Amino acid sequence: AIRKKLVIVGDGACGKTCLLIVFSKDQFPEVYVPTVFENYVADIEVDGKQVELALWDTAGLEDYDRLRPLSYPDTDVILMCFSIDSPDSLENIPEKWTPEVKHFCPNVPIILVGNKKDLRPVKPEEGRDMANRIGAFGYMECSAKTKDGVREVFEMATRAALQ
């Protein structure tokens, strides 16, 4: 059918892998294993259309800053993630993650995702203001532990990629 590519990015230990796995497997990983690079596949129905989403997991750690760019090419939608617990993760968005994505993938739809909303810190408008400052398709909030907001995050991603 329709095959779109999703690449998740963001600071280390911000909830990227857990978000991808609760969406593809309905499973919250317990032991934090820093991701080097990984790939998951999930099917989703949005607006009546069935789309297979390729979830490209990337590294937020600085040791793997030469490998993560290699996952950007031919991306259909970017998931720029931060932690509501971590205010410094939000400021790394316009300092590190927006400059990097807008260089390798300058015209890809971006969705700012505030992970770990069960830990409520970043106020929702602060994240919304960041989305308007970076030029994102939209701003979403979720918590992989509570499994709340996960479906809507990837429904917005499929919407932006289907365009």
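A residue's number is simply how far along the shown sequence it sits, counting from 1.
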| item | value |
| --- | --- |
| Where residue 120 meets residue 121 in the shown sequence, the number of deposited residues left unmodelled | 10 or more |
| Residue range whose averaged C-alpha B-factor is higher in the record, 111 to 119 or 53 to 61 | 111 to 119 |
| Per the entry, higher mean C-alpha B factor between 100 to 108 and 121 to 129 | 121 to 129 |
| Modelled-residue ranking by C-alpha temperature factor, third containing residue 69 | lowest |
| Among modelled residues of the same chain, the CA temperature factor third for residue 1 | highest |
| Third of chain Cα B-factors occupied by residue 77 | lowest |
| Ranked against its chain, the third holding the CA B-factor of residue 157 | middle |
| Third of the chain, ranked by Cα B-factor, where residue 151 sits | middle |
